[PDB]
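Written out below as structure tokens is the structure these notes cover.
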Amino acid sequence: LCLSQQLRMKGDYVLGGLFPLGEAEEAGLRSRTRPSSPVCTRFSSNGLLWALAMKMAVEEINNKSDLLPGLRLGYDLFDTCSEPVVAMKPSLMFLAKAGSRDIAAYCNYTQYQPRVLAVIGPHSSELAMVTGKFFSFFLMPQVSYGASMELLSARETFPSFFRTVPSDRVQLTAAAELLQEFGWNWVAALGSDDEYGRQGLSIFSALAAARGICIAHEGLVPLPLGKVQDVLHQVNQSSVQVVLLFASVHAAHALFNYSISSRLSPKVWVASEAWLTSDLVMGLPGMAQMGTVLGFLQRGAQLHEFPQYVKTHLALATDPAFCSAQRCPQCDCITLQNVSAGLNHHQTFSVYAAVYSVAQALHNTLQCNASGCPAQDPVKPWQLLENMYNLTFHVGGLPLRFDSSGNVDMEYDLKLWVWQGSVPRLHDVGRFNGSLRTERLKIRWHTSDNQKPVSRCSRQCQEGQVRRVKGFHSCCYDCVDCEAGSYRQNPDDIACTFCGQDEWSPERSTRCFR
Amino acid sequence: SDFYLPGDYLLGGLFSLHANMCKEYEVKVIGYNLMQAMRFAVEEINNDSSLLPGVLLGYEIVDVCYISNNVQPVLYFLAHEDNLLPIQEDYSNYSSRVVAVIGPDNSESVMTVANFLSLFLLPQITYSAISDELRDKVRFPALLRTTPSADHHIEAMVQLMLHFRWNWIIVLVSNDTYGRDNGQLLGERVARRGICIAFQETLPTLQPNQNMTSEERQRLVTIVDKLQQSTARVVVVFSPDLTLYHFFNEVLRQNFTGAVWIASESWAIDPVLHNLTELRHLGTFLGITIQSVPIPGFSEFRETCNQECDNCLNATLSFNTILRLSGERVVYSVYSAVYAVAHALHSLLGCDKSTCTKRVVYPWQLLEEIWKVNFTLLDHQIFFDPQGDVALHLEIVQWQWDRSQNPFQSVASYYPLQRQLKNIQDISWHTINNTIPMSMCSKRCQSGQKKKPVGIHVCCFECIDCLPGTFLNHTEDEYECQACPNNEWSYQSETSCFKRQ
Ligand SMILES: COC(=O)[C@H](Cc1ccccc1)NC(=O)[C@H](CC(=O)O)NCCCc1ccc(OC)c(O)c1
């Protein structure tokens, strides 16, 4: 076929694009002795899907007369093989002046002239950070699908970063609202042993303290053995019924595999989105015994016409007449057998929206009239940025907005797992848009009597009961009714003291008597 | 000016002269100290004809105060000697303006610069950057460190705690990477050894030049109240220095006393925190830092953008007193880094005592040679472990307030190759009669008295007598009593049974 050659498209303005067209060979991960650019060959469907989706979005912008009237908008896509080393080279290429192969050093770059107008950013948050630190110095506007880490919202370090997916803090505030509204206070929080889960733990630990939720244990579970046994043992020794599992897929898979292997107890699990789309996790045969699973999932329109477009253009890509119309081997050896699994992935909309945003931002920057654009000097990136920072735009007829933190405002659904025998299915229970609404009466529980489980702590005692502090931050108390025959001693002391040989006192007594 | 010196080969240097145009932030004494330290090192290497004959070794230095400006000096170092920088699939034949970079000291900027220099395999040596993830040579192939890792600092803390038998500690962490990562690492280390964390709390980020809000004050008040009511009197602190000035003042306002404070390497040697008079009331202050090695002749040497400093001399002229009393602890890292590059370069050129057969030094070859050096400086062997670390001695210090004495007294020495704490000397405690301070969740039980756990922490247990008809076999179990044989009895709390009908 001839499909790599389509990854570049001339125009009056050009969008840079970063996608994982390939994947690194997990078995090799060759270490480097000499400073050559690494190469990858292993194909992956979803990265190419997003690439085609971008091509589709730019094609739509070119077809329509309303946006960028009479201009030709192009694109320039490159393969980020998940490595910072691989991703950095095209990041530099984006900045080399037109026709050149060189990037001159300067003390300042508001004066400079890069060859692309904006960069559609990489999927993963690690590459998002690495490339954002570089791009933001040049004030190159970067619009990212996929990357959700909240650290990228900080404008003191990422002044030019935007994204069409909500950051983790929205999901975790929804989770905190869920915990508070249901009246649970005593919970355990596990993150995966990667920066996604660890930073999620930081965010959730900060959020919970504002609402009285006291974390019984704040643990991390490894990615690929005694560690999981220790973590689950400490969670089991805690009298916790509600567990937050903000994990990557493989870590959750391992945790549940061992929990089934250990005949673990059933519990309420609150799910990360990455786990919640659980096709390979929910297939574990023992999963039904683990207790009820809830989680917050994005809601957004699918790019309904996408599969037909992919069919059409992969049919065209093998037509030798179309070949009469560069940077990836094995991209030209792809047919629908390889690709036709991910066609429904919602990331395609986020990619689609991303392109639209830049187009609209340029359209507002040029101030093009509906009949045609005014005469203009070639627009610069830092000229887009100031108009883009407060944008409102329409994608598929849906309105969208960037606030100054760079995130889109988008709502979430509460999803519950329902067991059709051995088949688990996702079902809808509620909605979150800054406040939480739930169909409480529609939930089914794992307890034999189908009633809500209880997980909470007494945050104050009464009558001078014996107190013990508990919780990872020491914000819960457990209260003990000191038994008749011993007395409180000091009302803040750890334990009671016994009366004399001929003395006695009642229950909870702060005194001793005869 | 000091920031540039020509030569036949050049070293790049990144130093944080200001806190967080970097001049807008407050000048830091230690940053300027290390800035001049590198100058002394290069002066020595240019003087000694035996180390690099027929070669002048130059340097260029740029300020990196914080995560702000890090991209600029990297692009400025990598240029092809005329501000150009070609985009290549292979850089094997490329002459960068510097052959090596003496990189930053704060983890975020270190990683930021390393991710960029990794493309060219330009060797980077960083001083005093601790984060353990820097041991990953697949993620960071080009990076080496003249400092022990966070692993060793935490292990030294743990062995200090074990030696004086402290089971019950409070951990305070700043609201950023330095606090969070080291708090997690300490959490991993502590649990396996029988020590227990009473609770962990995140300190709110505050600045001495800024007014504290009432919300932040309430947060600090809550933390200090938790400190006040708890039985754990050992406090470990992971924070940059600036946050602490408010914190301790609040601690002083609430009349807290009697704790042992363990300072991590970020603030264990801060002169400014040391200067406050009232900290004497808060108990003993201990810290962990790399050992003093005296650089000979050094002190009387210290007496196109972001390459300047106006405040440095005026701000340093006062704290130079404390520096002169102190042990030059971090200077040796920079000194050794420059000497390591010098030896690797000498052997890369195949140079004799007489002359060097000069060649275009492509940085990847200099990295290949830097991996192999092994030599003595000031009677200490330096060579790189495969992960890129250099085995400097760690040292535990007590803060001493008899002014005009040495302000940071050595009390123990930690050897990393042996992973062991040794040569412990006297620590003068705050206690009423200079006894070792005590902290456990509960007191050790009497004989014949079994242990009953109070919570998740193994460190916490009640004591309960074994009843008549049972005895406690300490040698085999201690959490439950044992029944006496078929014709024996016991007198409640006792270790053994006796014969009775
Ligand atoms: C994010 O940085 C941190 O949180 C802190 C504080 C800091 C912030 C900004 C710039 C520099 C340091 N880092 C450290 O203490 C690093 C460990 C690491 O960061 O890997 N060990 C350095 C100990 C001697 C030191 C020399 C120079 C100093 O200033 C010029 C300074 O403050 C401390």
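Every chain in the structure tokens has a letter given in the order shown (A, B, ...), and although residue numbers restart at 1 in each chain, ligands are simply numbered from 1 in the order shown.
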Set the cut-off to 7 Å and count only C-alpha atoms: what are the residues of chain B that reach chain A? Output as an mmCIF file with N, CA and C atoms, in the first residue's frame.
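Listing of part.cif after writing:
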data_model
loop_
_atom_site.group_PDB
_atom_site.id
_atom_site.type_symbol
_atom_site.label_atom_id
_atom_site.label_comp_id
_atom_site.auth_asym_id
_atom_site.auth_seq_id
_atom_site.Cartn_x
_atom_site.Cartn_y
_atom_site.Cartn_z
ATOM 1 N N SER B 68 12.643 27.257 35.701
ATOM 2 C CA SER B 68 12.259 28.289 34.743
ATOM 3 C C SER B 68 13.006 28.231 33.410
ATOM 4 N N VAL B 71 16.002 25.381 29.420
ATOM 5 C CA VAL B 71 16.184 25.039 28.008
ATOM 6 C C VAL B 71 17.276 25.894 27.367
ATOM 7 N N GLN B 72 17.340 27.169 27.754
ATOM 8 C CA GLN B 72 18.243 28.121 27.112
ATOM 9 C C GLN B 72 19.700 27.693 27.198
ATOM 10 N N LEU B 75 20.550 24.611 24.957
ATOM 11 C CA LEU B 75 20.683 24.963 23.544
ATOM 12 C C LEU B 75 21.961 25.761 23.303
ATOM 13 N N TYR B 76 22.327 26.621 24.254
ATOM 14 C CA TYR B 76 23.528 27.439 24.114
ATOM 15 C C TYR B 76 24.801 26.599 24.192
ATOM 16 N N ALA B 79 25.305 24.190 20.673
ATOM 17 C CA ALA B 79 25.462 24.782 19.350
ATOM 18 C C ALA B 79 26.782 24.364 18.713
ATOM 19 N N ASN B 83 26.293 29.034 16.844
ATOM 20 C CA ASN B 83 24.868 29.148 17.142
ATOM 21 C C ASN B 83 23.997 28.254 16.267
ATOM 22 N N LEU B 84 24.592 27.537 15.316
ATOM 23 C CA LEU B 84 23.820 26.579 14.538
ATOM 24 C C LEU B 84 23.745 25.241 15.267
ATOM 25 N N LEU B 85 22.748 24.447 14.894
ATOM 26 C CA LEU B 85 22.562 23.130 15.484
ATOM 27 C C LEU B 85 21.830 22.233 14.494
ATOM 28 N N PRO B 86 22.545 21.431 13.706
ATOM 29 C CA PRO B 86 21.875 20.645 12.662
ATOM 30 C C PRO B 86 21.066 19.495 13.242
ATOM 31 N N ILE B 87 19.961 19.185 12.574
ATOM 32 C CA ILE B 87 19.111 18.057 12.935
ATOM 33 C C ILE B 87 19.638 16.831 12.196
ATOM 34 N N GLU B 89 20.206 12.337 12.032
ATOM 35 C CA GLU B 89 19.883 10.986 12.468
ATOM 36 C C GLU B 89 21.031 10.345 13.235
ATOM 37 N N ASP B 90 22.236 10.905 13.137
ATOM 38 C CA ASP B 90 23.417 10.338 13.779
ATOM 39 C C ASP B 90 24.387 11.468 14.088
ATOM 40 N N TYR B 91 24.730 11.626 15.368
ATOM 41 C CA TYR B 91 25.600 12.700 15.834
ATOM 42 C C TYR B 91 27.022 12.226 16.130
ATOM 43 N N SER B 92 27.433 11.084 15.575
ATOM 44 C CA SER B 92 28.736 10.524 15.920
ATOM 45 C C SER B 92 29.875 11.472 15.567
ATOM 46 N N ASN B 115 17.176 14.707 29.939
ATOM 47 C CA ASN B 115 16.346 14.240 28.834
ATOM 48 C C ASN B 115 16.779 14.856 27.512
ATOM 49 N N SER B 118 20.493 13.570 26.534
ATOM 50 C CA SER B 118 20.517 12.144 26.226
ATOM 51 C C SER B 118 20.595 11.883 24.727
ATOM 52 N N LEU B 119 20.022 12.771 23.913
ATOM 53 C CA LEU B 119 20.060 12.580 22.466
ATOM 54 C C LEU B 119 21.496 12.490 21.967
ATOM 55 N N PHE B 120 22.356 13.388 22.443
ATOM 56 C CA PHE B 120 23.724 13.498 21.959
ATOM 57 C C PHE B 120 24.718 12.677 22.770
ATOM 58 N N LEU B 121 24.286 12.067 23.874
ATOM 59 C CA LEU B 121 25.188 11.335 24.761
ATOM 60 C C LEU B 121 26.336 12.230 25.214
ATOM 61 N N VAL B 138 18.950 3.252 31.415
ATOM 62 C CA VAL B 138 18.205 3.193 30.162
ATOM 63 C C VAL B 138 17.412 4.475 29.950
ATOM 64 N N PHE B 199 2.314 9.368 62.137
ATOM 65 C CA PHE B 199 1.500 9.945 61.076
ATOM 66 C C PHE B 199 2.380 10.778 60.156
ATOM 67 N N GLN B 200 1.885 10.976 58.938
ATOM 68 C CA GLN B 200 2.544 11.782 57.920
ATOM 69 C C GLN B 200 1.672 12.988 57.601
ATOM 70 N N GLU B 201 2.291 14.163 57.523
ATOM 71 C CA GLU B 201 1.575 15.404 57.261
ATOM 72 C C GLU B 201 2.321 16.236 56.230
ATOM 73 N N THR B 304 24.776 34.505 26.482
ATOM 74 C CA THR B 304 24.808 35.964 26.470
ATOM 75 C C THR B 304 23.801 36.555 27.454
ATOM 76 N N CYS B 305 23.205 35.699 28.282
ATOM 77 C CA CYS B 305 22.276 36.147 29.307
ATOM 78 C C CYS B 305 22.311 35.157 30.463
ATOM 79 N N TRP B 364 30.469 11.393 23.036
ATOM 80 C CA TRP B 364 30.119 10.023 23.411
ATOM 81 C C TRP B 364 31.353 9.215 23.794
ATOM 82 N N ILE B 456 -3.020 -1.480 63.676
ATOM 83 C CA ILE B 456 -2.260 -1.985 62.537
ATOM 84 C C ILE B 456 -0.770 -1.952 62.834
#
Find the residues near ligand 1. Use a cut-off of 6 Å, count only C-alpha atoms and all ligand atoms, and write them as an mmCIF file with C-alpha atoms, in the first residue's frame.
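Writing done, so here's pocket_35.cif:
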data_model
loop_
_atom_site.group_PDB
_atom_site.id
_atom_site.type_symbol
_atom_site.label_atom_id
_atom_site.label_comp_id
_atom_site.auth_asym_id
_atom_site.auth_seq_id
_atom_site.Cartn_x
_atom_site.Cartn_y
_atom_site.Cartn_z
ATOM 1 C CA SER B 16 21.631 27.974 40.896
ATOM 2 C CA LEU B 17 22.852 31.382 42.070
ATOM 3 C CA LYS B 28 21.666 31.756 47.911
ATOM 4 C CA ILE B 30 25.761 27.852 48.830
ATOM 5 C CA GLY B 31 25.099 28.326 45.116
ATOM 6 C CA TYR B 66 14.789 26.933 39.183
ATOM 7 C CA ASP B 105 21.719 20.192 41.606
ATOM 8 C CA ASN B 106 17.900 20.076 41.945
ATOM 9 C CA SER B 107 16.214 16.948 40.652
ATOM 10 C CA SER B 128 24.071 16.732 45.235
ATOM 11 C CA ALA B 129 20.988 15.699 43.218
ATOM 12 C CA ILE B 130 19.557 12.778 45.157
ATOM 13 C CA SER B 131 16.493 11.274 43.485
ATOM 14 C CA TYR B 178 11.383 16.353 47.300
ATOM 15 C CA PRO B 240 13.427 22.975 51.309
ATOM 16 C CA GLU B 265 20.137 16.893 53.321
ATOM 17 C CA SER B 266 18.142 19.790 51.824
#
For the atom pair atom CA of residue A:419 and atom CA of residue A:280, what is the interatomic distance in Å to one decimal place? 16.0 Å
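When the distance limit is 7 Å and only C-alpha atoms are what count, the residues near residue A:351, minus those fewer than 3 positions from it on the same chain, are residues 50, 53, 54, 145, 347, 348, 354 and 355 of chain A.
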Extract, using only C-alpha atoms, all DNA, RNA and protein residues at most 7 Å from stretch 433-445 of chain A, discarding same-chain residues fewer than 5 positions from it, and format them as a count of residues only. 7
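Each of B:67, B:288, B:483, B:309 was checked against residue B:23 using only C-alpha atoms; the smallest atom-to-atom distance is that of B:309.
The two atoms in question, atom CA of residue B:413 and atom CA of residue B:323, are spaced 21.0 Å apart.
Computed from the coordinates, the atom CA of residue A:410 to atom CA of residue A:352 distance equals 15.6 Å.
Among B:341, B:134, B:269, B:99, the residue with the shortest atom-to-atom distance to residue B:51, counting only C-alpha atoms, is B:341.
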